[PDB]
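Chain residues, written in single-letter form:
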Amino acid sequence: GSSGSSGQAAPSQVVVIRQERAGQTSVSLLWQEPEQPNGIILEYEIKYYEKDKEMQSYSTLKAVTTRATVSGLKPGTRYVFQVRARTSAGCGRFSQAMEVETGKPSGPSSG
């Protein structure tokens, strides 16, 4: 009905994300600052999981800057990345479902 609480408003939700370099097992990301942070942002948490294989336990990545690189993935496998801003006050929502595919093992990226 009515939950009682006190504090500051939650930060905005980053809706801008770009891929800097997509490695075979590692992938990089690039997003911008949230319209309204509503305070100081400690770090951005990214969520990456097997696009095809949805695992209950998703892996998170702590990033201090607008740049990050997720390592420890499988080649030739799509991964859904999701960057979000976290603030002492609370937590915001996850960015849009970003689809990215790593470099297939068959061979290199270019040829």
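Residues numbered from 1 in each chain as written, not as in the entry; some residues may be left out. Heavy atoms only, no water.

Tallying secondary structure elements over the chain gives zero helices and nine strands in all. Scanning the chain from its N terminus toward the C terminus, one meets helices and strands in the order β-β-β-β-β-β-β-β-β. C-alpha extents for the chain along the principal axes are approximately 55 × 30 × 20 Å. Burial statistics for the chain: of 111 residues in total, 30% are counted as buried. Taking the contacts inside the chain whose residues are at least 6 apart along the sequence as the reference set, 60% of them involve residues at least 24 apart. Total accessible area on the chain is roughly 7,400 Å²; 42% of this is exposed by carbon and sulfur atoms. (Helix = DSSP H or I, 4+ residues; strand = E, 2+ residues; numbered from the N terminus. Buried < 20%, exposed > 50% of the residue type's maximum accessible area, 1.4 Å probe, protein only. Contact = heavy atoms within 4.5 Å. Areas by Shrake-Rupley, 256 points an atom, 1.4 Å probe, with all protein chains shown as cover.)

To continue, consider the pairing of strand β6 (residues 78–81). Bridge count for strand β3 (residues 43–50) against β6 is two bridges, and the pairing is antiparallel. Bridging from a neighbouring strand, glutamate 50 pairs with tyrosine 79 of β6. Where β6 and strand β9 (residues 98–101) come together, four bridges link them in antiparallel fashion. Pairing of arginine 78 across the sheet is with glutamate 101, part of β9. (Pairing = 2+ DSSP bridges.)

Looking now at the nonpolar core. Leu29, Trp31, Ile46, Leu73 and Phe81 are the most contacted members of the largest nonpolar core, which has 18 residues in total. Secondary-structure elements contributing two or more residues to this core are β2 (27–31), β3, β4 (59–63), β5 (67–70), β6, β7 (83–87) and β9. In this structure, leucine 29 is in contact with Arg18, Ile46, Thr66, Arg67, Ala68, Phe81, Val83 and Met98, ignoring residues within four places of it in sequence. (Core = buried A, V, L, I, M, F, W, Y, C linked by side-chain atoms within 4.5 Å.)

Mapped onto the fold, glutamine 82 is located in the loop between β6 and β7. Assessed through its relative accessible area of 13%, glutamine 82 is described here as buried. There is a polar contact of 2.9 Å between the side chain of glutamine 82 and the backbone oxygen of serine 95. Excluding anything up to four places from it in sequence, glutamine 82 contacts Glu45, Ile46, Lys47, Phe94, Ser95, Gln96 and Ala97. (Polar contact = N/O pair within 3.5 Å; in protein donor to acceptor, adjacent residues only side chain to side chain.)

As a further point, take unusual backbone geometry. Of note in this structure, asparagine 38 is not a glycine but carries a positive phi near 60°. The class of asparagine 38 is partly exposed, set by a relative accessible area of 27%.

Following the sequence through the fold, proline 108 ends up in the segment after β9. With a relative accessible area of 73%, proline 108 lands in the exposed category. Spatially, the C-alpha atoms of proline 108 and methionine 55 are 28 Å apart, while their sequence positions differ by 53 residues.

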